[PDB]
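*Asks:* Next up is a structure, given as structure tokens.
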2 protein chains.
Amino acid sequence: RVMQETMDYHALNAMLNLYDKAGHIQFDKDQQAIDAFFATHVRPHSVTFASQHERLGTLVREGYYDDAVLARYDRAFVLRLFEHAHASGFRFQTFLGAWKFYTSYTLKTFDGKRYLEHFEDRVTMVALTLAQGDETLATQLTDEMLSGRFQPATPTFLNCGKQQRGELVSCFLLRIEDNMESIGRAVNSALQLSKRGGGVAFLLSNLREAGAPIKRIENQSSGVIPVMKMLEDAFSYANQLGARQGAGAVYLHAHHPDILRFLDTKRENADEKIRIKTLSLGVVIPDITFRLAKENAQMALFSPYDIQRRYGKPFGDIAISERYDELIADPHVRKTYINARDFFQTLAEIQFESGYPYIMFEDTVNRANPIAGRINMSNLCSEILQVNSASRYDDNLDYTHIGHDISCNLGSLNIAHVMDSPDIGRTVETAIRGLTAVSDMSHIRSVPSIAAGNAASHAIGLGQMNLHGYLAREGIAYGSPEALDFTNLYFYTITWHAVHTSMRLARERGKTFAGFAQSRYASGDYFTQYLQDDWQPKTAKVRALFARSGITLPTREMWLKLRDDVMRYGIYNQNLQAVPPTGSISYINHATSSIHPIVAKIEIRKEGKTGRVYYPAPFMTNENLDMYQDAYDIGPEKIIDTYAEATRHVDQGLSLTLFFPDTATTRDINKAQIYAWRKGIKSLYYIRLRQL
Amino acid sequence: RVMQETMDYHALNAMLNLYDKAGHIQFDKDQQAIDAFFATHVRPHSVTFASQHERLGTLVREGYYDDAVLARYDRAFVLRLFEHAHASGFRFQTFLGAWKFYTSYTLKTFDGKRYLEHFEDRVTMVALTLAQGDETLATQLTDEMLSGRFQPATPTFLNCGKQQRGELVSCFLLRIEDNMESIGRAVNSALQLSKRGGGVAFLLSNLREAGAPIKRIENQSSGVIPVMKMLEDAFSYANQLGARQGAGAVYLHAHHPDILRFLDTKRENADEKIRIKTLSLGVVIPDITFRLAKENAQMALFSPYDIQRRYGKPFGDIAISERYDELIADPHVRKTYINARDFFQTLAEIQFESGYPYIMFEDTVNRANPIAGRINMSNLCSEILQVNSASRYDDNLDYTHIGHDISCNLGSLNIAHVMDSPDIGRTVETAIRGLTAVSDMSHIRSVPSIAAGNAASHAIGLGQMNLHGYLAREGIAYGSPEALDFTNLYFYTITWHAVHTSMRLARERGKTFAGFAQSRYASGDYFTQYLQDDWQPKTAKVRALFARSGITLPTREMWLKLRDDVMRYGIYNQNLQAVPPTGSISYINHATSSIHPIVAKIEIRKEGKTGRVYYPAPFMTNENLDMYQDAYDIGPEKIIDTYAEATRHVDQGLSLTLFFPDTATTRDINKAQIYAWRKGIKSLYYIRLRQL
Ligand SMILES: Nc1ncnc2c1ncn2[C@H]1C[C@H](O)[C@@H](COP(=O)(O)OP(=O)(O)OP(=O)(O)O)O1
Ligand SMILES: Nc1ncnc2c1ncn2[C@H]1C[C@H](O)[C@@H](COP(=O)(O)OP(=O)(O)OP(=O)(O)O)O1
Ligand SMILES: [Mg+2]
Ligand SMILES: [Mg+2]
């Protein structure tokens, strides 16, 4: 206090990376870094206005905040809230969560020399923004975000309410039809989306294979690679401001003739002009492929060219599994053959050397998918999963028929914090509303097919973070039967409330998502799954928690009751949850990324002027370390295990990474994937091999 | 005859490449190759129908010819012509002109096993096609083409009237505005155009320089290179059917900040990702730049970014020359500086090692340009030169305002053959009509801005071939004062008739090209140039020729008379002539490519199953070899000289190549270019260094 010492919060931070003769960490040194931070850097560079009122005036007047948002409430309420917010007694819990938010989130002055916002402000404008002028909502979003219960996606949190601003949404999925126009559109769409920082993934699977015909003259199509090449260069050119390298991804169906040339753009010892250095790869794999590789058979690759001709649909749209045999019989459909086993072999080697081919288990997916149509691709994070539909052009690239593409608006709940306010239902409801708002205000001008999609589907991505964090606090162990029990039941109870909320919006707004009638929501089967049993706290400790919390587990009475509202009223969103990884927000929200064990006790980031910055995990103390085992230490099985439990309920997907030791073998990898597959998992993200 | 010997017309052809103890060529061995050709390969594989009538029926019925063309005339006339044609007694003059036309032009059966057309047929359908049902026209085009007087562009000759067919036009010029949309459009437009074999050149000059701002935040634009990269990959991907490698070109103004990074994509000892292997480069150079380099000064490169901001126009549109000083004064316009001398130095080294940077003498050009607006770029052959105008987009790439871009439809006259039918005026008129037709029927769907352009401008490219051929026949010598005299007067007389014809169409059709009123055609100055004198056969031999031909040289009476019709009636075409090189047609038409000395006595091509194919030049005999000196032997001056003479009259441009010995020095080159510049030349094509 008064005339204190040690103002190096970077050093203080560092202390978090020392072990005492007894293998304990000085957690407190971190806390000190915070104090020092604010003390020596936050406050002195934070602008302080006479009153809130004068503050906005200024912020509006010099074009920082957007007067358009404020204009939907009576200024006094806009003043009451800024006050509520600042009086809720929020502190940051870590020297980085603070450091993160002020070096990358909080609004600064155009000249970069002064902070103009603090968390509450940010929370506030976000709330105001999404609330769209509905005051009680606005309040609640404020509350939920301040408590730590909710955490909207970065794009949103970062931009809501500012004047100079990006858009509120950031990952995108486009499809490509088999013709020049659709291609030019793709290349274009990439340019436009990327210029504004978006992640875009394209579906290559419909493109005619290398060696296919064009205008009826044999051996002419040149495959997909020269198209990756373009997307590639597009992305590399139209990076976002303040970054080199955009972020693109492509997915190709595994039974597609170019699949090998496809994987081959990643094998380092290669050729030139055939080398893709910044696209992410994803492979879709149907079950048969496993069945094949199992009996060491031959995979048959079918021509999209031919398929289209003979079936009136594009490769990307038919059901390979259900038509494998039929297809091998149709002599009007050319076939090539490769050794499944050698395929998965190739797959794994690449994953080993570069982390990728994302994997999307086509069959598991479509089969659990409550929505009409098939799902043929995924996001750059492999967690979005939704039907899409083809778009058609006029010779001049003008659309003649606008299909539907997928944009994705996410946010997450910090499990811990939710389990802590007995009023779970409110928590879920708000979030859903919040998220839905993101959608409603979204209107991507430059890719008509995306805008159409959103508008039609109102699709959102409610997701979760902090699983480990929680379990740990409650002294349960990642992976444990208890854990499993917990995660199943929780995602169980969350799901009940979101459908319920979406059921509500449906009613409130007089409409539903397009195509609802065809859904499994319309005819009720969606619920069959919840009408049997299984919904009974296996472990004692788990039943416990839920009570010491006041959370009531949805009961057959509730489901049966919910099922009738839907069939009578429908829901507003075509898709509720999705569990992405949780980038740097986590550090702000103080969580453990997503639902997967903690990558380290003291996480280290290559950031800031010191070189690095250390992040101790939530609730962790010298008296509980033994509940913090690395994901590496926990290992694949356990992770694959948790995510499944979450999969019987999540209607989209969950980014799942497997952590392996640097001595793992492709077979090792390969097994894991199999476990994953047999186990229900919808998709697989990355395989990380531990490294420095 | 009856039971003859030696049927190897490839061998016979070869004999053309032997010199006898006295340095004479057996020209006759070639003629024999022809006879053998037809004898052993043409006829036996040429389909012969019972009558013409049954023939079309078939050809229509199996979808070879296009019934739509025939449907505009009474079948009997369509029968009368096929007859006229076949009775005009046309033979080919060379074993390759035949060989060329049947291996690349004449219609064959879908399965490639039989010829279905012969020249006359082809001439005929072309005539029919262009004639658009006007019978006397149709006849004439037939006549002119059969005589050798006219030779429409390859795309046209090749496709007119067929069912399965490409378009009738093939080089294209697009501009790019400084913003993502315009860029995506460019990349797209490239894709679409190229897929159908088009040559496209883009104007890069408006793009913001490497290091310019974006959304107001310093140092961010990444220049033009990543855009060349895209175009590059586009072209490489969407080659035409039966070819690898599309054909793209870019032009950049020499006073543009990226000019050096620009040339640098061609210096072989380079880096990767910055290496452009299939785009053609073109540089625009205004006069000052010479003035600069002369007094070894400093070139100042101005920011397009800034220019736009301060002048409300894009770099690509202002007059650098006229605003050089003004610009260096405006501190609101950033400047970089480079050593002019070192610039031209760089230029030449590249040209030396790779033939390019085309050069377009901005100033000469705009200054001679009779049409409103500036000209800022050129074609992949550097001979088209026309005003263009910016296009504007809506966020979705939909045009909100369609500008004008340039497409180009050419054809040429074989000088010789023209000088041979005293009725020059008919010859010119037809051609113009023929060409105009190409335009009228043209409607490029996929790049709105091109279609708009054409429709507005009706711009055509009448051009010439066989200059050497002629002069030689008449024992004049390439380059000679006589020659010069001849080429000036001829292009002089041709010009009179085309304006006249365009003046006629104007009247016949009740309209003119858009913007005519602003032209120098409207106010008459166009003619001032022809109202003084100069128009008087300097050489005696030249006056001679024109008489022994019956050609009357336009007289001050005619010009004065023509000038009044225009000011009263206007013209239909915004642009009449352009003298491109003459690819493989020449060999068919039997000419010397364009107006520039013959690249060899016996030209050799890497074509056909033998390896090569030998092409002896027109009118050449053992008793006149001394009138056939290589372009290498003639040398730059002389060539630069001829082309000028042609430039006081050609309203667009003339592809000019300089042939140099393999010991020439960049200074050597550099001088030539200067001569060219001081001499009026509008643009410079390639520099060829003799090689094997
Ligand atoms: N000209 C081309 N050059 C390179 N690739 C091409 C070309 N044309 C088509 N492709 C590839 C890209 C698409 O996957 C597919 C279809 O393109 P598209 O324009 O629809 O062809 P098309 O209609 O002319 O031929 P088709 O009759 O075979 O469909 O062909
Ligand atoms: N996001 C980007 N990434 C890479 N290059 C870009 C990006 N945005 C623009 N450029 C370059 C390409 C064009 O030459 C030029 C203008 O693009 P454009 O979309 O018109 O920019 P802008 O309107 O957002 O910014 P400005 O306000 O500076 O014009 O900027
Ligand atoms: Mg097609
Ligand atoms: Mg702009």
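*Asks:* Apply the Debye scattering formula to segment A:401-531, with a single equal point scatterer on each alpha-carbon and no solvent, then give log10 I(q)/I(0) at q = 0.21 Å⁻¹.
*Replies:* One equal scatterer on each Cα of segment A:401-531 leads to -1.26.
*Asks:* Over the alpha-carbon set of segment A:626-692, divide Rg by the Kirkwood Rh and report the Rg/Rh ratio to two decimals.
*Replies:* 0.97
*Asks:* I would also like to ask the following. Ordered shortest first, which distances in nm separate the 7 Å Cα→C-beta label point of A:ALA514 from those of the other copies?
*Replies:* Label-point distances to the other copies, shortest first: 3.5 nm.
*Asks:* Between the alpha-carbon centers of segment B:567-637 and segment B:478-527, tell me the distance in whole angstrom.
*Replies:* Between the Cα centre of segment B:567-637 and that of segment B:478-527, the gap is 24 Å.
*Asks:* Once the label point is placed 7 Å from Cα along Cβ, list for A:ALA319 the distances to the corresponding points in the other copies, in nm, shortest first.
*Replies:* 7.2
*Asks:* Now for a separate question. Put a dot 7 Å past each Cα toward the Cβ at A:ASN296 and B:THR400; how far apart are the dots in nm?
*Replies:* Each label point is offset 7 Å from its Cα along the Cβ direction, giving 6.6 nm.
*Asks:* What whole number of Å gives the distance from the Cα centroid of segment B:168-190 to the Cα centroid of segment A:212-268?
*Replies:* 22
*Asks:* For segment A:534-667, what are the per-bin percents of Cα-Cα distances with bins 5 Å wide, up to the bin holding the maximum?
*Replies:* 2, 7, 11, 14, 18, 17, 12, 8, 6, 4, 1, 0
*Asks:* Hey, another quick one. Can you check how the C-alpha radius of gyration of chain A compares to 2.2 N^0.38 Å, as a plain ratio?
*Replies:* 0.97
*Asks:* Once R0 is set to 45 Å, what does the formula 1/(1 + (r/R0)^6) return for the Cβ-Cβ distance between A:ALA11 and A:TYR675, expressed as a FRET efficiency to the nearest 0.05? If you can, show how the numbers build up before the last one.
*Replies:* Details: r = 45 Å, r/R0 = 0.99.
Plugging the Cβ-Cβ distance into 1/(1 + (r/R0)^6) gives 0.50.
*Asks:* Return, ordered by residue number, the residues of segment B:370-396 whose backbone nitrogen is under 18 Å from a label point located 7 Å along Cα→Cβ of A:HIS443.
*Replies:* Answer for this model: B:394-396.
*Asks:* Excluding same-chain residues fewer than 8 positions from B:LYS538, which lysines have a Cα within less than 29 Å of its Cα?
*Replies:* B:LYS561, B:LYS638, B:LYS671, B:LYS679, B:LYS682
*Asks:* At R0 = 25 Å, how high is the FRET efficiency between B:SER480 and B:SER147 if r is their beta carbon distance? Nearest 0.05 is fine.
*Replies:* 0.35
*Asks:* Hey, with R₀ at 56 Å, roughly what FRET efficiency would A:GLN31 and B:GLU272 work out to, going by the Cβ-Cβ distance, to 0.05?
*Replies:* Calculated transfer efficiency: 0.70.
*Asks:* Follow-up question, since we're still on this one. Pulled fully out, how much extra length does the chain show between B:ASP74 and B:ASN179, if you take 0.36 nm times their separation in residues and subtract their Cα-Cα distance?
*Replies:* The span from B:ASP74 to B:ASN179 would gain 32.5 nm if fully extended.
*Asks:* Reachable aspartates and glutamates from B:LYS511, Cα under 19 Å, same-chain residues fewer than 8 places away excluded?
*Replies:* B:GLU429, B:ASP440, B:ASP564, B:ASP565
*Asks:* Continuing with the same structure: Using only Cα atoms and rounding to the nearest 10 degrees, what angle (0 to 90) does helix B:448-457 make with the longest principal axis of chain B?
*Replies:* Once rounded, one gets 70 degrees.
*Asks:* Let me ask you something else. In degrees, nearest 10, range 0 to 90: what is the angle between the Cα axis of helix A:52-61 and the longest Cα principal axis of chain A?
*Replies:* 40
*Asks:* Name the shape class, rounded, prolate or oblate, that the alpha-carbon gyration tensor gives for segment B:8-148, where a ≥ b ≥ c are the square roots of its eigenvalues, rounded holds for a/c under 1.5, and otherwise prolate holds if a/b is larger than b/c and oblate otherwise. Provide the component values of the computation, followed by the final result.
*Replies:* Numbers: a/c = 3.08, a/b = 1.90, b/c = 1.62.
Here segment B:8-148 falls in the prolate category.
*Asks:* Distance in nm between label sites at A:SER549 and A:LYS511, each 7 Å beyond Cα in the beta-carbon direction?
*Replies:* With each label placed 7 Å out from Cα toward Cβ, I get 3.6 nm.
*Asks:* Of all DSSP beta bridges located in segment A:556-692, what percent are antiparallel, nearest 5?
*Replies:* 45
*Asks:* Let me ask something else about it. Starting from 0 in steps of 5 Å, tell me what percent of the Cα-Cα pairs of segment B:271-378 lands in each bin.
*Replies:* Percent of Cα pairs in each bin: 2, 10, 17, 21, 22, 16, 9, 3, 0.
*Asks:* Go ahead and collect, in residue order, the members of segment A:1-25 whose backbone nitrogen is under 11 Å from a label point 7 Å along the Cα-Cβ direction of A:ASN622.
*Replies:* Hits in segment A:1-25 for A:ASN622 at 11 Å: A:19-25.
*Asks:* Treating the point 7 Å from Cα along Cα-beta-carbon as the label, what are the nm separations from B:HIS443 to the other copies, to one decimal?
*Replies:* So the label point of B:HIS443 gives 3.5 nm to the other copies.
*Asks:* What list of whole percents do you get for P(r) of segment B:287-339, with Cα-Cα distances grouped in 5 Å bins up to the one holding the largest distance?
*Replies:* For segment B:287-339, the binned pair fractions read 4, 20, 31, 25, 13, 5, 1 percent.
*Asks:* Helix-only estimate, please: 222 nm mean residue ellipticity of chain A, summing -39500 (n - 2.57) across DSSP H runs of length 4 or more and dividing by its residues, to the nearest 500.
*Replies:* Only helices count here, giving -12500 deg cm²/dmol.
*Asks:* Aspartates and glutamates near A:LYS273 by alpha-carbon distance under 19 Å, same-chain residues fewer than 8 away left out - which ones?
*Replies:* Reachable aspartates and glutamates: A:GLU209, A:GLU232, A:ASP233, A:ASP258, A:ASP264, B:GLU232, B:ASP233, B:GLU268, B:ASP271, B:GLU272.
*Asks:* In whole Å, what are the extents of the protein assembly as shown along the principal axes defined by its C-alpha atoms, from largest to smallest?
*Replies:* Sorted from largest, the Cα extents of the protein assembly as shown read 116, 76, 61 Å.
*Asks:* Can you give me the Cα centroid spacing of segment A:60-122 and segment B:642-675 in angstrom?
*Replies:* So the separation of the two Cα centres works out to 67 Å.
*Asks:* Angle between the Cα long axis of helix B:119-131 and the longest principal axis of chain B, 0 to 90 degrees, nearest 10?
*Replies:* Tilt relative to chain B: about 50 degrees.
*Asks:* Let me ask something else. Please give the contour-minus-distance gain from A:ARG648 to A:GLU353: 0.36 nm per residue of separation, less the Cα-Cα distance, rounded to one decimal in nm.
*Replies:* The span from A:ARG648 to A:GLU353 would gain 103.0 nm if fully extended.
*Asks:* Enumerate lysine pairs in segment B:8-148 that are 8 or more residues apart or on different chains, then count those whose Cα atoms are under 21 Å apart.
*Replies:* Total qualifying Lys-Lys pairs in segment B:8-148 comes to 4.
*Asks:* With labels modelled as points extended 7 Å from the Cα through the Cβ direction, what inter-label distance (nm, one decimal) is found for A:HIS332 paired with B:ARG367?
*Replies:* Simple spin-label model gives 6.8 nm for this pair.
Only the coordinates and a few stated rules stand behind these numbers; no lab work does. Counting neighbours? That spans all protein chains shown, and the Cβs are built from the backbone with ideal geometry, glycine included.
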